[PDB]
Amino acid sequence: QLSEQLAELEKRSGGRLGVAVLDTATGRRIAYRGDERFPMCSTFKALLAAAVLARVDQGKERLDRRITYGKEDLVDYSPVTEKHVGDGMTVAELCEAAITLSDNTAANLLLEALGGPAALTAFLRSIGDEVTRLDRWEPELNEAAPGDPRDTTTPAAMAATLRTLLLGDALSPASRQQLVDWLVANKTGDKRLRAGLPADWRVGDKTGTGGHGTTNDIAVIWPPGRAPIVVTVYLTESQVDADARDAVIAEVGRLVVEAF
């Protein structure tokens, strides 16, 4: 039934909609275009922060290490990093900026510390994700051209990878909890999945927005009294306006509430 409702929603969206719902209470998975590729845009930043924390767990990085940079490093939409060209920022501060405000420069600085898009992709392969790929830096990775496999995931692969990192044991308990805290404190997602959920549901999410009418949101959700549910939502090639695309993702949130 959720599957059939998602197909009707896709018609309303004017584009191509991909959704995966992974219920950790039961291991049940629901998907719509779950194995098709979609542009990640800034949803990749959640994976990026995870890869940095994996290095912290191994003793190869420190949360309090300070990274310095200049005006020449700034790309557009850098609300936090632009305020600190003078003093630099710690690794923790960059993770938080990248997740909670989608700071683009913070993402590039963290990517450079990792070894670049190829290093992030290699980390994903090492944890069993054979599908997701990062190829470019900010801001070009948000092009979101139809038929281009660069910088894409599938809704099912992204949901499995999030489950492993956020809820499994690939990260240490301190790293998992810190990453979840950053997602819960996200400031950019109020009009998307969150708009479709009751106030008492705990939700951590990361949005993405890009070219060709692309609007995404990935989330881990704890309904009251329950084990959590991972939801990934990718919408692209959409011909309705940006506010209507947000409303589409909020309606996916409402469908999930009805279903669980």
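Throughout, we count residues from 1 along the sequence that is shown.
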**OP:** Going by the average Cα B-factor in the PDB entry, point out whether 228-236 or 28-36 comes out higher.
**Re:** 28-36
**OP:** Can you let me know which of the two, 74-82 or 162-170, has the higher average C-alpha B-factor in the entry?
**Re:** 74-82
**OP:** Specify which of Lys191, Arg66, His212, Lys45 carries the largest Cα B factor in the deposited PDB entry.
**Re:** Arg66
Original post:
What's the residue among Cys95, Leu141, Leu111, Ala118 with the greatest CA temperature factor in the PDB record?
Top reply: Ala118
Original post:
According to the PDB entry, is the CA B factor of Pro223 in the bottom, middle or top third of its chain, that is, lowest, middle or highest?
Top reply: middle
Original post:
How does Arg55 rank on Cα B-factor within its chain, lowest, middle or highest third?
Top reply: middle
Original post:
So where's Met89 on the chain's Cα temperature factor ranking, which third?
Top reply: highest
Subject >> For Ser126, the third of its chain into which the C-alpha B factor falls >> reply: highest
Subject >> Cα B factor band for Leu17 (lowest, middle or highest third within the chain) >> reply: lowest
